[PDB]
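One letter stands for each residue in the lines below.
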Amino acid sequence: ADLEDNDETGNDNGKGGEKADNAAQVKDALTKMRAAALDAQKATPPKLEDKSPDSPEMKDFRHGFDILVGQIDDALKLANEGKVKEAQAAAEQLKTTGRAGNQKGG
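Residues numbered from 1 in each chain as written, not as in the entry; some residues may be left out. Heavy atoms only, no water.

- This entry lists solution NMR as its structure determination method.

What follows is the structure in structure tokens.
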């Protein structure tokens, strides 16, 4: 049976956990982008619906979520082993880079 009829489930914020303390909010942010790459995979097809394991779709996906996962680990250690200012700096250099292919198999 469906549940629904929910309202006291924090509908006044839907979150209330952005922390915004010091470097902590940066880690939750990096982890957010992490699940985005996987969720974007064969789970929540962003705009695929016309490729599937056909052509480099596999590698760009593997090599794609790998880069994101690769910088998420590098950026997270910075937040831990670094302050939020030093950590936010990493986002700046990663902001211009971040993605790279976007096309090909996508």
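Past the structure itself, the notes keep going.
Side note on the nonpolar core
Phase 1: Counting residues in each nonpolar core, the largest one holds 7 residues, listed as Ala23, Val26, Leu30, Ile72, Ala75, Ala79 and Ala87.
Phase 2: In contact with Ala87, not counting residues within four places along its chain, are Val26, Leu78 and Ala79. (Core = buried A, V, L, I, M, F, W, Y, C linked by side-chain atoms within 4.5 Å. Buried < 20%, exposed > 50% of the residue type's maximum accessible area, 1.4 Å probe, protein only. Contact = heavy atoms within 4.5 Å.)

As for the side chain of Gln71
Phase 1: You can see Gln71 is positioned in helix α2 (residues 57-81).
Phase 2: Its relative accessible area of 10% is what places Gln71 among the buried residues.
Phase 3: Once residues lying within four places of it in the same chain are set aside, the contact partners of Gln71 are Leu94 and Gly98. (Helix = DSSP H or I, 4+ residues; strand = E, 2+ residues; numbered from the N terminus.)

Describing the side chain of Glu57
Phase 1: Assignment of secondary structure puts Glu57 in helix α2.
Phase 2: Of the buried charged residues, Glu57 lacks a salt bridge, with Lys51 as the closest side chain of opposite charge at 5.9 Å. (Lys, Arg positive; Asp, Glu negative; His and termini not counted. Salt bridge = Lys/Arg side-chain N within 4 Å of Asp/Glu carboxyl O.)

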